[PDB]
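Visitor: Quick one: experimental structure and sequence below.
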Amino acid sequence: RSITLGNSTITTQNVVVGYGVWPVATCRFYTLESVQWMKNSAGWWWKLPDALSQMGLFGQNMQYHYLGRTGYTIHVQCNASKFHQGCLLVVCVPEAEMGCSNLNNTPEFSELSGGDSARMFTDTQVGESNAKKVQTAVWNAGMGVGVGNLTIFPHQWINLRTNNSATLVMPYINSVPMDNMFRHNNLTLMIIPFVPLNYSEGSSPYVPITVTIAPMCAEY
Amino acid sequence: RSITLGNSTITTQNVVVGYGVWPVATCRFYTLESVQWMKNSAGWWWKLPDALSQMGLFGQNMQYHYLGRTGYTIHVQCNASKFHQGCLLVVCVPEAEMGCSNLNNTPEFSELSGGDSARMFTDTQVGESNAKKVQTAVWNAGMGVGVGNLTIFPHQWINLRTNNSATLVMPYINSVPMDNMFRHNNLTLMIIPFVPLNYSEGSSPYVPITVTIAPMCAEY
Amino acid sequence: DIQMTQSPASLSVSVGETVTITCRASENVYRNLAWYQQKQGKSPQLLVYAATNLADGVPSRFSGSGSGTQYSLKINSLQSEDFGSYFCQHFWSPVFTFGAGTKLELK
Amino acid sequence: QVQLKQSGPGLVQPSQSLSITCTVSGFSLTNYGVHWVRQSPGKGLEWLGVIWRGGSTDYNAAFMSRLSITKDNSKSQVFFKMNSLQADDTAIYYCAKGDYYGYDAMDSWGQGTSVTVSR
Amino acid sequence: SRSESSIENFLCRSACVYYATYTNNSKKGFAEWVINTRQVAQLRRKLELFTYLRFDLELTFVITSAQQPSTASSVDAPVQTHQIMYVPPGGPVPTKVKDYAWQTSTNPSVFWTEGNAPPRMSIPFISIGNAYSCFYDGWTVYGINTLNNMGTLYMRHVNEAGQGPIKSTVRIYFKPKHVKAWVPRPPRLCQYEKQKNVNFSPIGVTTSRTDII
Amino acid sequence: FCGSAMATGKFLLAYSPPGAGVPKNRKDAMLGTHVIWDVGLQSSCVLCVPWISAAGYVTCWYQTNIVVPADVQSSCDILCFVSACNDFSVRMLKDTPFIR
C-alpha cells in the first residue's frame, strides 16, 4: 500500500503481468483526468504513447530524443457505493489497427488519438461520405472483430459487486527494438462496459473512472 | 591538453588556485562572446553568477532552484601574433561593491551587470546628475581603490611577449553557506590593460579576447 | 437525398396525459436520430440522442423508440413547461436534414 | 462551464458578404466541431456546414460556393463567410457545438444572431 | 493427439495465390506480382490470427501455354523458355518487355524450358526488422510499415514470334516454412473489403435463433 | 475526511515549491509534486513540508466528483491538522505581538 515514485503517491491494497514476462526523473504517476460512466455509456480508448507525449516532461523527453524503448504499468480504478451495479472490461490490446468509416479512405490523426483526452465509442454505425472518421461501432470493437473474443489479450475484469480495481503490467512489444514514438503507437488501452450501469433513484447518477499510468525502464 | 566536459572541448598546453584550497548535466564549458581589445581600450568586467544565469540551461536550473552553492574555474586566453605588444591583468575579485556616479544614490541593476555582455570601463570621470550610473574611472578601479594594489586578490599576468593565456580556479567564498543567486553576486572578473596595445602598420588593428567559464560542484 | 417527415402537425392536449409523436425517414438511418425542443424565443435543446439515449438534464418523463425508418417519441405526463416546439433530426450522412416542427397549445 | 458565444452584423446590404465570429469557451477545438445552422421562419431549420475537429470541412448542397468556414486552434475562434447575401436569407443564425459523447449531435448552441438583408 | 495442431502443421500448406497471363507480342505482355500475403482471403484469415511472424518462403510456378489463331502455312515453333525475375526490396523495376532491368546483375532470375519439372525457388526471411508485421498501427499514409515489403516478381518470354503468337498463364504457389509466431489475436469476423487495409462494414455477432429457450 | 461512511471520491494534494507559481488548473498540479488521496480506502492522509522564516502553496483539487448512495446526505466536511514532524531550531527570543 501507498507506493511512491518521484513525487507522487497512490494507495492500494491483485495483479496480472503481461505474457508471463516481467518488464530517471520521468518515473512519476501520470494521471489522466477522469471520465464519467453514465447509464447508457459506450466505451473509451486511449492510444498509449501519445497520451503521455503531449503533456508531461516525459513529452519533453519525446521531442528531444525521438527513438525510445519503454515498459508500462497501468492502474485503473473506479469508485462507487455498494448500491450500484455493472461490469466493465479492461483490456490493453497491442497494435490496434482500426478501420475507417469510409471504405476507400483512412482515418486521420485527430480522430485516431485524443492526446490525454478519451475518445469515445458508440453503439451504432456512422456515416461514411463525410470525412475521415473511425468506424466506431462497439459491437465489432472497431477492428472488425467479435467483441466477446477480446480476452485473448491481457485483460482484467472489474465487477462492481465484489471487485473494485484493476492493475496491468505490459512489457515492450515491438518488432524492431527501437523506433520513433511519433508515427507508431504500440499499445492501446480499452475500457468497455458489458453489463451497463444501473441504480435506483437517490443514488448518484454516474460513476467516475480514473486511470493512472506509469512508465518503467524508459531508454532512449 | 584537450579536456572534455559534457559536450564541449577546449585545448591547452600554468594554473593558479584560489587561496590554497581546491574546490550534473550543467558541467559544460560555457563560452561568452569575445571582446575586441583595441589600441585605446579601457577595461572590462563581468559579474560572475549573473552572466551565466541569463543564458544557459544552468540558468534554467537557476529559476527552478534559487539557492545554490557553486565553485568556478575560469579560462582566459587572447590570441595574437608575435608582432603585437602589451600587457593585461586578469583578476577575479570577490564582493566588488562598486560606487555610483551620483553621490547620494546607488547604481541601478542594468548598469551593474551586463548579462553575458561585457560592461566596459573608461579613463575619465562621469557626470553625476543624470541617472544611476557606475563611477567607472579606471584609475580608481570603480571601488575607490588604488589600482596598483589589486594583486592582493588571486590574479594572473598575461604578457604578450612571452605568456599567452591564463587560468583561474576560485572556490566558494561566502559568509552564509547557502543564499539566493538573484540578489547576490559573490565573484567579479576584471580584465585591465596596463601596458596598452601597440603595433606597427600592416598588422591587424585589434586583438580578440575570449573568456571561457566552467562551474564545478554545483549544489542546490 | 434523405428526407424527414414529421407527423402530425400540431396537438392541443391538457396537462398530464401520455402523448406521442413520430417522424419518418426516407431510407435506413440505423437509429442515428436526435430530438430537439425549442420554446418561444430561445435556443433549442437536445433531449434524446441515438433515438433512445436521453440527455443529462432531461427528466425521465421523455422516451423515444423506433428502428430503421419508423421512429417515435413519447411523453408520458406533460407539465406546464412541456409545450414549445419539437424537432427530430437525422445525423447519418451529410447532408443533415431536419423535421418539420410540431407545436403544443396545452389547452 | 460556460458555453460558446457569437457576434454578427445584424443588418447588411443585399448582394454582399457576411462574417460571424463565434467564440468558444470551456472546450478545445481538437475535440469538438462547430455546426452552422440557420433557423428561419419560412423554411424552418436548416443546416449549412460543419468543420470537423480535424480541420476538414463539409457544406450543404445548395450552398456550395457562397460559404467558407475556417477556425483557429490557439485563438479558439471560428470564421465563416456567407456570400451574395440574397433576399431569402432573412433568418437568425446559430453557432452550435457538436460531438456529444461521440455521436454528431448539437449539444449546446449560441445566443442566435438575427440578420436581415434589405434597406 | 496434438501434433497436427502445432504451428508448423497449421501453416506448412500451399495456395494458388496468383493467376495471370501474358502473351509474347503485345509489347506490354509480362506478368507482375507484388508479394503480399493479403491477396487471397482464405489465407489471410489464418495468418491474421497472430501479429508477428518470422518465416522463410518457398515458391513454385506451374506454367502452361496455348496457341493463338495465326494466319496459315503450317505454323510450327520449338519449345519455349520463360524467364522469371525476382526483385529484392529496393531495386530496379521494368516497364517494357525489352527493358534494362532484365539484364541487370543483382536481380536473381531463373530460366525454365517447357516440358520439365516446374521451377521451384526459395527466398529467405528478408527484413531489416526481426519479424514481419501483419498489423501496424501508425504511419510510415496510415498503416503501411514499409519494412515488411518482400519484393516483386516478373515473368516474360525469352523468344520471338516466329509465325504465330502464343499466350501463356502462370499460377504462383506459396509455402511458408520454419514458422515462429507471436502474440495471438481474435479471428476476423467481418468480411474483407480492400486488399490494402483493414476497412470493413459492421455486422452482427452470430446468426440468430427465435428466442432464448 | 469526517464525512459519511458510504461516500467515496478522490482528491489531489499538491504542494507547490517556493519560487514556482501557484498552479491554476487541475492538470498542472499533477505535474508538480503531489499526492492523490483516496477517501474510501483510508480516511486520513499525511503530508510533510519544510517551513522557514511567492513562498509556497498547498492547494487541493477535485480528482472526481463525490459518488454517494441514495438516502445519504451529500455535503461533507474536511479537517486539517498541524504538528512539527521533526525537531525545530529556534534562536534569539523576543516578545509576542499578540497583546495590546
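Guide: That came through, no problem. Residues are numbered from 1 along each chain as shown, chains lettered A, B, ... in the order given.

Visitor: Skipping its backbone neighbours, what lies nearest the spatially most central residue of chain E in space?
Guide: Nearest to the mean C-alpha position of chain E, by Cα atoms, centre = their mean, lies residue E:35 at 4.6 Å. If the residues on either side of it in the chain are set aside, residue E:35 comes closest to residue E:150, at 4.1 Å by Cβ to Cβ, 6 or more residues apart in numbering or on different chains. Quick note: C-beta positions are derived from backbone N, CA and C, even for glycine.

Visitor: ok, so what distance separates the residue nearest to the centre of chain E from residue E:47?
Guide: 13 Å (Cβ to Cβ, to the nearest Å).

Visitor: Residue numbers of chain A in contact with chain C?
Guide: Taking Cβ under 8 Å from any Cβ of the partner chain, the part of chain A that reaches chain C is made up of A:38, A:40, A:122-125, A:127-130.

Visitor: Let's see that with 7 Å instead.
Guide: Residues of chain A found near chain C (Cβ under 7 Å from any Cβ of the partner chain) are A:40, A:124-125, A:127-130.

Visitor: next SSE after the helix or strand harbouring residue C:6?
Guide: If you go by DSSP states H and E, residue C:6 is part of strand C:5-7. Read in the C-terminal direction, the helix or strand following strand C:5-7 is strand C:19-24, with elements assigned using DSSP H and E.

Visitor: neighbours of residue D:95, just the number please.
Guide: The burial count assigned to residue D:95 is 27, neighbours taken as other Cβ atoms under 10 Å in any protein chain shown.

Visitor: for residue F:18, same thing?
Guide: Burial measure for residue F:18: 12 neighbouring residues, criterion other Cβ under 10 Å.

Visitor: quick one on the thing from earlier: quick one: the strand holding residue C:6 to chain centroid distance?
Guide: 10 Å (Cα atoms, centre = their mean, to the nearest Å).

Visitor: Relative to it, what are the paired strands and their orientations?
Guide: Using DSSP bridges, the strands paired with strand C:5-7 in its sheet are strand C:19-24 (antiparallel).

Visitor: neighbouring contacts of the strand it pairs with?
Guide: Surrounding strand C:19-24, the residues in contact under the criterion Cβ atoms under 7 Å, 6 or more residues apart in numbering or on different chains are C:4-7, C:11, C:13, C:69-75, C:78, C:86, C:88, C:99, C:102.

Visitor: Need phi/psi at the residue of chain F found nearest chain E.
Guide: Nearest residue of chain F to chain E: residue F:27, at 26.2 Å (Cβ to the nearest Cβ). In terms of degrees, to the nearest 10, the main-chain angles of residue F:27 are phi -70, psi -50.

Visitor: what's the residue lying closest to it once chain neighbours are set aside sitting at in phi/psi?
Guide: Closest residue to residue F:27 apart from its sequence neighbours, by Cβ to Cβ, 6+ apart: residue A:33 at 6.8 Å. Reported as degrees, to the nearest 10, the phi and psi values for residue A:33 are phi -80, psi 150.

Visitor: Look up how far chain E lies from residue A:33.
Guide: Counting by Cβ to the nearest Cβ, to the nearest Å, the gap between residue A:33 and chain E amounts to 24 Å.

Visitor: how many neighbours does that residue have?
Guide: Residue crowding around residue A:33 was assessed by other Cβ under 10 Å; the count is 14.

Visitor: so how far is residue D:20 from it?
Guide: Summarising the geometry, the distance separating residue A:33 from residue D:20, computed by Cβ to Cβ, is 32 Å.

Visitor: next one: residue A:210
Guide: Computed as Cβ to Cβ, the residue A:210 to residue D:20 distance reads 39 Å.

Visitor: Residue E:34 - nearest residue in space that isn't next to it in sequence?
Guide: When the adjacent residues along the chain are set aside, residue E:34 lies closest to residue E:152, with 5.0 Å between them (Cβ to Cβ, 6+ apart).
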